[PDB]
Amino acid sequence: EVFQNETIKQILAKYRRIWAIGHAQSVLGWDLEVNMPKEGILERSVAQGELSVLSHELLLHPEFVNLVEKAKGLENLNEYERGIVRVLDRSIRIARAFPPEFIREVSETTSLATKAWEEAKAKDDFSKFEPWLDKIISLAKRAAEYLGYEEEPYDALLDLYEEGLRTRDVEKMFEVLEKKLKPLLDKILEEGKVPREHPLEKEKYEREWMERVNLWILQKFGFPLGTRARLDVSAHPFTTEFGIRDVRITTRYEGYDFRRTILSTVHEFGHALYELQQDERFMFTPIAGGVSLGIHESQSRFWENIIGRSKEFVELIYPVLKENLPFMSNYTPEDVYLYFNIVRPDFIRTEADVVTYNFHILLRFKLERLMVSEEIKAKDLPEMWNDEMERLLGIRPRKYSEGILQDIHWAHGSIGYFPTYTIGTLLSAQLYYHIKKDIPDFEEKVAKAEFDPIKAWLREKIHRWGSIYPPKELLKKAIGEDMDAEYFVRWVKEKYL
């Protein structure tokens, strides 16, 4: 049926091994974050490392590569078998772009740069990270040259994290935002409409109280606990896929500002449903699973902001908040609403409300394009970052930790990664209007906890397709169009005005 071609089957049989190491890697990483006794880190680390080298070795074995090339030379193949090749061709390609020595240099430099960035952020000292940043800039440029690119070197890094993404693409969405979203922000901020803070941010809670609320929400979403999924705690919320029938998410309980653990759980749920609603006929194959960081963030943001910050979701959970939170006997559902939608330009990207968030990404985008294009100087980045923070949000970081040092991405060498976050926010808006068309009673269903039709709409349009088509081709096929920042602007307008 789905996999008929003989060359394709030989490939899938070998791929199983590669797939198994990956299954193992996920379990290792998840366990490292959720269960592992602290001192087990050295042995976990070497195990993770040996497998990554083993995995890479198997992907580039002559036999495997020969098969992919051969199949790539077949015209008989259906879309599914074709998806196998497109995906595997991109992997083998990316994997052999870097000389084994270069992969080594990066691992070394990266590891040491992360540690240096880690103390530098804590002690607010850019000098301790600066030289490491210059080394990472050089590695990024080299990487762009190893990967190859038509227009700009930055296209190669972007394409690394979002298949088919180009600098021109990113340049465009941010233009529409800077001229249409920026003013909307100013207007919102000056009418005193929504507040910049809320007393509910200070209300403390005991872990068990919120875990009762999160649990209730996940069951309302139909999250298949104990059967195909789990919810646990870890330093930072994430989602992992051990398989189509085994997807896990985590959240954290800060102990105060209950909005965090709630929306964070919902956010991760969005990622999970996606992996959960994959097509089982693709099990063990490279086409199963979310196609990219951007499409994945369109799902997490869809559930988090489109639904989670909506008045209806608030009414639905309101009674549960009252049952488990004592301090809730002093607030109304509107109080919870305003709380969930506060708007306030601030220093930290991970705390940015939905209206100011994308400006944190635009600046990282500008600095990144410059770093890999022109001959930018690390020692000069802090001020450029500061001037940009001031030009977009009116505030200026006073210390390195509130600014250029806040995120781990650069130290990890993840240059050309940040833009995928904006894509997700944008795409979540666009998807909302397309579903709002097939399900005009969208809001009413949320308020009543009737999510099946919404979950099914997402499946047919996005999920079941896995990695069959590249990100762009996937959107056209399912939404009749390409990403368009315009939707995010209307969503915001229609929500704050």
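Residue positions are given as counts along the sequence shown, with the first one as 1.
In the PDB record, does 409-417 or 126-134 carry the higher mean Cα temperature factor?
Between 126-134 and 409-417, it is 126-134 that shows the higher mean C-alpha B-factor.
Highest mean C-alpha temperature factor of the two stretches 461-469 and 432-440, which is it?
Taking the mean C-alpha B-factor of 432-440 and of 461-469, the larger value falls to 432-440.
Can you pull the Cα B-factors for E101, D159, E275, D353 from the entry and say which is highest?
Checking the PDB record, the top C-alpha B-factor among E101, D159, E275, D353 is at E101.
Could you say which of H236, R364, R396, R260 has its CA atom at the highest B factor, as listed in the PDB entry?
If I rank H236, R364, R396, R260 by C-alpha B-factor, first place goes to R396.
What third of the chain does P153 rank in for C-alpha temperature factor, lowest, middle or highest?
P153: CA B-factor falls in the highest third of its chain.
Cα B factor band for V194 (lowest, middle or highest third within the chain)
Highest third, going by the recorded CA B-factors of the chain.
Report the third (lowest, middle or highest) to which the CA temperature factor of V68 belongs, ranking only the modelled residues of the same chain.
Highest third, going by the recorded CA B-factors of the chain.
Hey, what third does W385 fall into on Cα B-factor, ranked over its chain?
Middle third.
What third of its chain, lowest, middle or highest, does the C-alpha temperature factor of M483 fall into?
Ranked within chain, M483 CA B lands in the highest tercile.
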